[PDB]
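Asks: What follows is the file start.pdb, containing PDB, C-alpha atoms and all ligand atoms:
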MODEL        1
ATOM      1  CA  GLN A   1     -12.203 -17.524 144.303  1.00  0.00           C
ATOM      2  CA  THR A   2      -8.402 -17.848 144.216  1.00  0.00           C
ATOM      3  CA  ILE A   3      -7.131 -14.287 144.536  1.00  0.00           C
ATOM      4  CA  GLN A   4      -3.945 -12.268 144.605  1.00  0.00           C
ATOM      5  CA  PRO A   5      -2.610 -10.359 147.630  1.00  0.00           C
ATOM      6  CA  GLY A   6      -4.845  -7.566 148.838  1.00  0.00           C
ATOM      7  CA  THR A   7      -7.710  -6.754 151.165  1.00  0.00           C
ATOM      8  CA  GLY A   8     -11.430  -6.545 150.595  1.00  0.00           C
ATOM      9  CA  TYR A   9     -14.780  -8.062 151.438  1.00  0.00           C
ATOM     10  CA  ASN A  10     -16.179 -11.423 150.426  1.00  0.00           C
ATOM     11  CA  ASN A  11     -19.552 -12.924 151.318  1.00  0.00           C
ATOM     12  CA  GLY A  12     -20.009 -10.674 154.342  1.00  0.00           C
ATOM     13  CA  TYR A  13     -16.471 -10.954 155.709  1.00  0.00           C
ATOM     14  CA  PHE A  14     -13.342  -8.828 155.524  1.00  0.00           C
ATOM     15  CA  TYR A  15     -10.317 -10.596 154.127  1.00  0.00           C
ATOM     16  CA  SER A  16      -6.633  -9.869 153.996  1.00  0.00           C
ATOM     17  CA  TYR A  17      -4.051 -11.829 152.045  1.00  0.00           C
ATOM     18  CA  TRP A  18      -0.429 -10.680 152.138  1.00  0.00           C
ATOM     19  CA  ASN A  19       2.865 -12.252 151.203  1.00  0.00           C
ATOM     20  CA  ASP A  20       6.533 -11.304 150.929  1.00  0.00           C
ATOM     21  CA  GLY A  21       6.934 -11.825 147.197  1.00  0.00           C
ATOM     22  CA  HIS A  22       7.974 -15.472 147.361  1.00  0.00           C
ATOM     23  CA  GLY A  23       5.700 -17.739 145.357  1.00  0.00           C
ATOM     24  CA  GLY A  24       4.044 -21.047 146.103  1.00  0.00           C
ATOM     25  CA  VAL A  25       0.934 -19.765 147.879  1.00  0.00           C
ATOM     26  CA  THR A  26      -2.648 -20.189 146.695  1.00  0.00           C
ATOM     27  CA  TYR A  27      -5.248 -18.358 148.741  1.00  0.00           C
ATOM     28  CA  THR A  28      -8.918 -18.930 148.017  1.00  0.00           C
ATOM     29  CA  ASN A  29     -12.024 -17.263 149.419  1.00  0.00           C
ATOM     30  CA  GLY A  30     -15.047 -19.517 149.746  1.00  0.00           C
ATOM     31  CA  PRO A  31     -18.730 -19.143 150.746  1.00  0.00           C
ATOM     32  CA  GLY A  32     -19.598 -17.251 153.917  1.00  0.00           C
ATOM     33  CA  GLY A  33     -16.646 -17.024 156.271  1.00  0.00           C
ATOM     34  CA  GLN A  34     -14.686 -19.780 154.562  1.00  0.00           C
ATOM     35  CA  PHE A  35     -11.226 -19.618 153.037  1.00  0.00           C
ATOM     36  CA  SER A  36      -8.574 -22.149 152.112  1.00  0.00           C
ATOM     37  CA  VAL A  37      -4.853 -21.925 151.516  1.00  0.00           C
ATOM     38  CA  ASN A  38      -2.375 -24.318 149.970  1.00  0.00           C
ATOM     39  CA  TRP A  39       1.295 -23.486 150.067  1.00  0.00           C
ATOM     40  CA  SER A  40       4.350 -25.220 148.683  1.00  0.00           C
ATOM     41  CA  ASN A  41       7.705 -23.899 149.848  1.00  0.00           C
ATOM     42  CA  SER A  42       6.456 -20.360 150.276  1.00  0.00           C
ATOM     43  CA  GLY A  43       8.091 -17.447 151.993  1.00  0.00           C
ATOM     44  CA  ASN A  44       6.140 -15.486 154.561  1.00  0.00           C
ATOM     45  CA  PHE A  45       2.399 -15.039 153.948  1.00  0.00           C
ATOM     46  CA  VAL A  46      -0.714 -14.265 156.009  1.00  0.00           C
ATOM     47  CA  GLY A  47      -4.280 -14.824 154.836  1.00  0.00           C
ATOM     48  CA  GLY A  48      -7.720 -15.048 156.374  1.00  0.00           C
ATOM     49  CA  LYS A  49     -11.218 -13.741 157.001  1.00  0.00           C
ATOM     50  CA  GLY A  50     -12.917 -11.700 159.648  1.00  0.00           C
ATOM     51  CA  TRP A  51     -13.897  -8.133 160.354  1.00  0.00           C
ATOM     52  CA  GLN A  52     -12.925  -4.549 159.627  1.00  0.00           C
ATOM     53  CA  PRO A  53     -12.811  -3.206 162.229  1.00  0.00           C
ATOM     54  CA  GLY A  54     -12.560  -5.809 164.948  1.00  0.00           C
ATOM     55  CA  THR A  55     -13.747  -5.221 168.509  1.00  0.00           C
ATOM     56  CA  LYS A  56     -12.326  -5.771 171.973  1.00  0.00           C
ATOM     57  CA  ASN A  57     -15.094  -8.152 173.025  1.00  0.00           C
ATOM     58  CA  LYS A  58     -15.703 -10.329 169.970  1.00  0.00           C
ATOM     59  CA  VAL A  59     -16.227 -14.058 170.456  1.00  0.00           C
ATOM     60  CA  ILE A  60     -14.778 -15.599 167.299  1.00  0.00           C
ATOM     61  CA  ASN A  61     -15.692 -19.065 166.082  1.00  0.00           C
ATOM     62  CA  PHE A  62     -13.444 -21.083 163.800  1.00  0.00           C
ATOM     63  CA  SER A  63     -13.306 -24.610 162.478  1.00  0.00           C
ATOM     64  CA  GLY A  64     -11.533 -26.579 159.831  1.00  0.00           C
ATOM     65  CA  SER A  65      -8.486 -28.575 158.891  1.00  0.00           C
ATOM     66  CA  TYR A  66      -4.962 -27.321 159.410  1.00  0.00           C
ATOM     67  CA  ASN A  67      -1.968 -29.253 158.100  1.00  0.00           C
ATOM     68  CA  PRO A  68       1.281 -27.281 158.324  1.00  0.00           C
ATOM     69  CA  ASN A  69       4.558 -28.862 157.210  1.00  0.00           C
ATOM     70  CA  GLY A  70       6.968 -26.555 158.985  1.00  0.00           C
ATOM     71  CA  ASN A  71       6.677 -23.004 160.324  1.00  0.00           C
ATOM     72  CA  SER A  72       3.044 -21.849 160.352  1.00  0.00           C
ATOM     73  CA  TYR A  73       0.334 -20.395 162.640  1.00  0.00           C
ATOM     74  CA  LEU A  74      -3.404 -20.493 162.915  1.00  0.00           C
ATOM     75  CA  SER A  75      -4.439 -17.458 164.921  1.00  0.00           C
ATOM     76  CA  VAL A  76      -6.826 -14.751 165.632  1.00  0.00           C
ATOM     77  CA  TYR A  77      -4.751 -11.986 164.151  1.00  0.00           C
ATOM     78  CA  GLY A  78      -5.192  -8.237 163.883  1.00  0.00           C
ATOM     79  CA  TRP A  79      -3.967  -4.710 164.466  1.00  0.00           C
ATOM     80  CA  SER A  80      -4.716  -1.589 166.463  1.00  0.00           C
ATOM     81  CA  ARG A  81      -3.803   2.025 165.906  1.00  0.00           C
ATOM     82  CA  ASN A  82      -2.560   4.506 168.546  1.00  0.00           C
ATOM     83  CA  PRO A  83      -0.776   2.542 169.622  1.00  0.00           C
ATOM     84  CA  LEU A  84       0.153   0.576 166.521  1.00  0.00           C
ATOM     85  CA  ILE A  85       0.058  -3.072 167.587  1.00  0.00           C
ATOM     86  CA  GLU A  86       0.094  -6.349 165.655  1.00  0.00           C
ATOM     87  CA  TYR A  87      -1.423  -9.120 167.772  1.00  0.00           C
ATOM     88  CA  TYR A  88      -1.927 -12.881 167.751  1.00  0.00           C
ATOM     89  CA  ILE A  89      -3.993 -15.359 169.665  1.00  0.00           C
ATOM     90  CA  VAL A  90      -2.449 -18.542 168.324  1.00  0.00           C
ATOM     91  CA  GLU A  91      -4.706 -21.556 168.421  1.00  0.00           C
ATOM     92  CA  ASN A  92      -2.499 -23.998 166.535  1.00  0.00           C
ATOM     93  CA  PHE A  93       0.944 -23.933 164.938  1.00  0.00           C
ATOM     94  CA  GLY A  94       3.538 -26.054 163.197  1.00  0.00           C
ATOM     95  CA  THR A  95       7.211 -26.537 164.031  1.00  0.00           C
ATOM     96  CA  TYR A  96       7.967 -22.976 165.167  1.00  0.00           C
ATOM     97  CA  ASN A  97       6.789 -21.642 168.532  1.00  0.00           C
ATOM     98  CA  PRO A  98       6.374 -17.834 168.820  1.00  0.00           C
ATOM     99  CA  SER A  99       8.126 -18.075 172.196  1.00  0.00           C
ATOM    100  CA  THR A 100      11.424 -18.159 170.414  1.00  0.00           C
ATOM    101  CA  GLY A 101      11.259 -14.614 168.953  1.00  0.00           C
ATOM    102  CA  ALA A 102       9.424 -13.091 172.012  1.00  0.00           C
ATOM    103  CA  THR A 103       9.436 -12.154 175.759  1.00  0.00           C
ATOM    104  CA  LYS A 104       7.027 -13.679 178.318  1.00  0.00           C
ATOM    105  CA  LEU A 105       4.905 -11.488 180.612  1.00  0.00           C
ATOM    106  CA  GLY A 106       2.387 -13.938 182.032  1.00  0.00           C
ATOM    107  CA  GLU A 107      -0.311 -16.503 181.342  1.00  0.00           C
ATOM    108  CA  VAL A 108      -4.073 -16.625 180.913  1.00  0.00           C
ATOM    109  CA  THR A 109      -6.400 -19.629 181.158  1.00  0.00           C
ATOM    110  CA  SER A 110      -8.965 -19.185 178.430  1.00  0.00           C
ATOM    111  CA  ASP A 111     -11.398 -21.281 176.414  1.00  0.00           C
ATOM    112  CA  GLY A 112     -10.040 -24.579 177.702  1.00  0.00           C
ATOM    113  CA  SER A 113      -6.289 -24.011 177.690  1.00  0.00           C
ATOM    114  CA  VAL A 114      -3.527 -22.035 179.295  1.00  0.00           C
ATOM    115  CA  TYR A 115      -1.933 -19.520 176.949  1.00  0.00           C
ATOM    116  CA  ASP A 116       1.485 -17.986 177.421  1.00  0.00           C
ATOM    117  CA  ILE A 117       1.567 -14.215 176.892  1.00  0.00           C
ATOM    118  CA  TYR A 118       4.484 -12.495 175.158  1.00  0.00           C
ATOM    119  CA  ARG A 119       5.545  -9.129 173.828  1.00  0.00           C
ATOM    120  CA  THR A 120       8.102  -8.438 171.160  1.00  0.00           C
ATOM    121  CA  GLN A 121       9.203  -5.251 169.431  1.00  0.00           C
ATOM    122  CA  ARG A 122       9.252  -5.150 165.668  1.00  0.00           C
ATOM    123  CA  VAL A 123      11.880  -2.627 164.672  1.00  0.00           C
ATOM    124  CA  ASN A 124      11.580  -0.884 161.315  1.00  0.00           C
ATOM    125  CA  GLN A 125       9.256  -3.565 159.909  1.00  0.00           C
ATOM    126  CA  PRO A 126       6.299  -3.654 157.472  1.00  0.00           C
ATOM    127  CA  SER A 127       2.895  -2.725 158.923  1.00  0.00           C
ATOM    128  CA  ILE A 128      -0.591  -1.508 158.059  1.00  0.00           C
ATOM    129  CA  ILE A 129       0.847   2.028 157.990  1.00  0.00           C
ATOM    130  CA  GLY A 130       4.148   1.265 156.265  1.00  0.00           C
ATOM    131  CA  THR A 131       7.631   0.664 157.651  1.00  0.00           C
ATOM    132  CA  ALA A 132       7.391   1.199 161.376  1.00  0.00           C
ATOM    133  CA  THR A 133       8.549   0.149 164.811  1.00  0.00           C
ATOM    134  CA  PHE A 134       5.780  -1.305 166.907  1.00  0.00           C
ATOM    135  CA  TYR A 135       5.007  -3.889 169.556  1.00  0.00           C
ATOM    136  CA  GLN A 136       3.652  -7.345 168.883  1.00  0.00           C
ATOM    137  CA  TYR A 137       1.406  -9.032 171.474  1.00  0.00           C
ATOM    138  CA  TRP A 138       0.955 -12.803 171.646  1.00  0.00           C
ATOM    139  CA  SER A 139      -1.190 -15.341 173.440  1.00  0.00           C
ATOM    140  CA  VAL A 140      -0.003 -18.800 172.474  1.00  0.00           C
ATOM    141  CA  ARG A 141      -2.314 -21.722 173.210  1.00  0.00           C
ATOM    142  CA  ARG A 142      -0.569 -24.677 174.846  1.00  0.00           C
ATOM    143  CA  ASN A 143      -3.181 -27.174 173.670  1.00  0.00           C
ATOM    144  CA  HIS A 144      -3.408 -26.873 169.888  1.00  0.00           C
ATOM    145  CA  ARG A 145      -6.795 -27.239 168.240  1.00  0.00           C
ATOM    146  CA  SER A 146      -8.586 -26.883 164.917  1.00  0.00           C
ATOM    147  CA  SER A 147     -12.013 -25.687 166.043  1.00  0.00           C
ATOM    148  CA  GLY A 148     -13.656 -23.776 168.846  1.00  0.00           C
ATOM    149  CA  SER A 149     -14.379 -20.268 170.017  1.00  0.00           C
ATOM    150  CA  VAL A 150     -12.021 -17.539 171.157  1.00  0.00           C
ATOM    151  CA  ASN A 151     -13.325 -14.919 173.567  1.00  0.00           C
ATOM    152  CA  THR A 152     -10.943 -12.159 172.537  1.00  0.00           C
ATOM    153  CA  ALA A 153     -11.727 -10.103 175.636  1.00  0.00           C
ATOM    154  CA  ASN A 154     -10.038 -12.754 177.790  1.00  0.00           C
ATOM    155  CA  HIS A 155      -6.780 -12.028 176.009  1.00  0.00           C
ATOM    156  CA  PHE A 156      -7.059  -8.256 175.587  1.00  0.00           C
ATOM    157  CA  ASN A 157      -7.916  -7.899 179.274  1.00  0.00           C
ATOM    158  CA  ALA A 158      -5.095 -10.218 180.362  1.00  0.00           C
ATOM    159  CA  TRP A 159      -2.659  -8.260 178.193  1.00  0.00           C
ATOM    160  CA  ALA A 160      -3.914  -5.006 179.735  1.00  0.00           C
ATOM    161  CA  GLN A 161      -3.360  -6.358 183.247  1.00  0.00           C
ATOM    162  CA  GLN A 162       0.222  -7.100 182.194  1.00  0.00           C
ATOM    163  CA  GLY A 163       0.643  -3.499 181.033  1.00  0.00           C
ATOM    164  CA  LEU A 164       0.052  -4.195 177.319  1.00  0.00           C
ATOM    165  CA  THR A 165      -2.110  -1.414 175.890  1.00  0.00           C
ATOM    166  CA  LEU A 166      -4.197  -1.869 172.746  1.00  0.00           C
ATOM    167  CA  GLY A 167      -5.297   1.048 170.599  1.00  0.00           C
ATOM    168  CA  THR A 168      -8.362   1.459 168.412  1.00  0.00           C
ATOM    169  CA  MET A 169      -8.934  -1.761 166.501  1.00  0.00           C
ATOM    170  CA  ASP A 170      -8.210  -2.082 162.813  1.00  0.00           C
ATOM    171  CA  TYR A 171      -8.865  -5.470 161.128  1.00  0.00           C
ATOM    172  CA  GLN A 172      -9.383  -8.703 163.071  1.00  0.00           C
ATOM    173  CA  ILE A 173      -9.285 -12.057 161.264  1.00  0.00           C
ATOM    174  CA  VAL A 174      -8.677 -15.730 161.687  1.00  0.00           C
ATOM    175  CA  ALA A 175      -5.519 -16.141 159.687  1.00  0.00           C
ATOM    176  CA  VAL A 176      -3.217 -18.849 158.450  1.00  0.00           C
ATOM    177  CA  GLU A 177       0.364 -17.711 158.346  1.00  0.00           C
ATOM    178  CA  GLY A 178       3.273 -19.571 156.828  1.00  0.00           C
ATOM    179  CA  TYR A 179       7.001 -18.883 156.958  1.00  0.00           C
ATOM    180  CA  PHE A 180       9.247 -20.780 154.536  1.00  0.00           C
ATOM    181  CA  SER A 181       7.303 -24.010 154.780  1.00  0.00           C
ATOM    182  CA  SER A 182       4.547 -25.968 153.044  1.00  0.00           C
ATOM    183  CA  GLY A 183       1.041 -26.842 154.142  1.00  0.00           C
ATOM    184  CA  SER A 184      -2.681 -26.831 153.528  1.00  0.00           C
ATOM    185  CA  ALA A 185      -5.616 -25.421 155.460  1.00  0.00           C
ATOM    186  CA  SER A 186      -9.345 -24.817 155.079  1.00  0.00           C
ATOM    187  CA  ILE A 187     -11.107 -22.712 157.703  1.00  0.00           C
ATOM    188  CA  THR A 188     -14.556 -21.268 158.340  1.00  0.00           C
ATOM    189  CA  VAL A 189     -14.873 -18.171 160.513  1.00  0.00           C
ATOM    190  CA  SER A 190     -17.986 -16.750 162.165  1.00  0.00           C
TER     191      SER A 190
HETATM  192 NA    NA A 201      13.088  -4.480 158.894  1.00  0.00          NA
ENDMDL
END
Go ahead and express the file in the form of structure tokens.
Replies:
Amino acid sequence: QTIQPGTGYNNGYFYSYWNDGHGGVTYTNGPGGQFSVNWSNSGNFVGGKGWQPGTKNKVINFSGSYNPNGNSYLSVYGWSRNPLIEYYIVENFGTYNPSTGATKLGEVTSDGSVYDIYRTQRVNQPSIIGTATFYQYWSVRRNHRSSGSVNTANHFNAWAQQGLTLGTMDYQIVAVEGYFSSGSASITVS
């Protein structure tokens, strides 16, 4: 169903839907691991389905249609605790590349594409445990796609080899994120 911001479980999958207070976003949970989002001149929002908690060896499948009109990501997205980390394995994106706001540490060739690996520090920013300073890890896929499988271990291990430590996993979803843009997306996770 179309729901308001929050977290929970739907048809066997964890979901999280968050936004910054700006309107224009409609997030809808569908059957199984499906969800859809339509946004018209939103602010920042993140919504998707997956698992609570995630694991460090999950092979995540996703498929659907992704039509961003501006700044947006389609990623495997999640958090760890001790250390507190917000991470992304970006499979597709709109007009804004994460490389802008981040620093590059290396590359990994995974699931058919090279990904560039970055770290950034979020200072005094919102998080799963409230306002906090924490690191952000990124793998950004060079060849954008709308379906396939992501072997998360490929990325977590590559990050580790670059000195990026991950804590105990909290949630792990396939999420559509938007940032002051418009767009539409419909995705099934498994
Ligand atoms: Na801040």
Asks: Please identify all protein, DNA and RNA residues within 8 Å of ligand NA 201 (chain A), counting only C-alpha atoms and all ligand atoms, and report them as a PyMOL selection string.
Replies: chain A and resi 122-126+131
Asks: Residues near range 150-162 of chain A, anyone? I mean within 9 Å using only C-alpha atoms, not counting same-chain ones fewer than 6 positions away, as a count of residues only.
Replies: 24
Asks: What is the distance, in Å and to one decimal place, between CA of residue 78 in chain A and CA of residue 173 in chain A?
Replies: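 Interatomic distance here is 6.2 Å.
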Asks: Can you give me, as a PyMOL selection string, the residues this file yields under the PyMOL selection byres (((chain A and resi 183) around 9) and not hetatm)?
Replies: chain A and resi 37-41+66-70+72+178+181-182+184-185
Asks: Carefully work through the PyMOL selection byres (((chain A and resi 30) around 9) and not hetatm) for this structure and note down the residues it includes, as number ranges by chain.
Replies: A: 1-2, 10-11, 28-29, 31-36, 188
Asks: Please evaluate the PyMOL selection byres (((chain A and resi 177) around 7) and not hetatm) against the displayed coordinates and give the resulting residues as an MDAnalysis selection string.
Replies: chainID A and resid 45:47 72:74 175:176 178:179
Asks: Tell me which of A:96, A:27, A:135, A:13 sits closest to residue 51 in chain A, counting only C-alpha atoms.
Replies: A:13
Asks: Let me have the centre and edge lengths in Å, one decimal, of the box along x, y and z around every listed atom of range 159-178 of chain A with 6 Å of margin on each side, as lines of an AutoDock Vina configuration file.
Replies:
center_x = -3.1
center_y = -9.1
center_z = 170.0
size_x = 24.7
size_y = 33.0
size_z = 38.4
Asks: Nearest to residue 15 in chain A among A:121, A:149, A:189, A:65, with distances taken over only C-alpha atoms: which residue is it?
Replies: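 Distance minimum relative to residue 15 in chain A lands on A:189.
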Asks: If you measure from CA of residue 116 in chain A to CA of residue 25 in chain A, what distance in Å do you get, rounded to one decimal?
Replies: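 Distance between the two atoms: 29.6 Å.
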Asks: Please provide as a list in words all residues within 9 Å of residue 101 in chain A, with the sequence filter that same-chain residues fewer than 3 positions apart are discarded (counting only C-alpha atoms).
Replies: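 Returned residues: residues 97, 98 and 120 of chain A.
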Asks: Determine, counting all atoms listed in the file, which protein, DNA and RNA residues have an atom within 6 Å of an atom of residue 90 in chain A; residues of the same chain fewer than 5 positions away are not included. Present the result as a VMD selection string.
Replies: chain A and resid 74 to 75 140 to 141
Asks: At what distance in Å, to one decimal, does CA of residue 142 in chain A lie from CA of residue 187 in chain A?
Replies: 20.2 Å
Asks: What's around residue 127 in chain A at 12 Å? Count all atoms listed in the file, leave out sequence neighbours fewer than 4 positions away in its own chain, and write the answer as an MDAnalysis selection string.
Replies: chainID A and resid 18 78:81 84:87 122:123 131:136 170
Asks: For the residues in the current selection, export C-alpha atoms as a compact mmCIF listing (two decimals), in the frame of the given file.
Replies:
# COMPACT_ATOMS: atom_id res chain seq x y z
CA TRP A 18 -0.43 -10.68 152.14
CA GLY A 78 -5.19 -8.24 163.88
CA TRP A 79 -3.97 -4.71 164.47
CA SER A 80 -4.72 -1.59 166.46
CA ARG A 81 -3.80 2.02 165.91
CA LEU A 84 0.15 0.58 166.52
CA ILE A 85 0.06 -3.07 167.59
CA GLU A 86 0.09 -6.35 165.66
CA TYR A 87 -1.42 -9.12 167.77
CA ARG A 122 9.25 -5.15 165.67
CA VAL A 123 11.88 -2.63 164.67
CA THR A 131 7.63 0.66 157.65
CA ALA A 132 7.39 1.20 161.38
CA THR A 133 8.55 0.15 164.81
CA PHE A 134 5.78 -1.30 166.91
CA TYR A 135 5.01 -3.89 169.56
CA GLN A 136 3.65 -7.34 168.88
CA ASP A 170 -8.21 -2.08 162.81
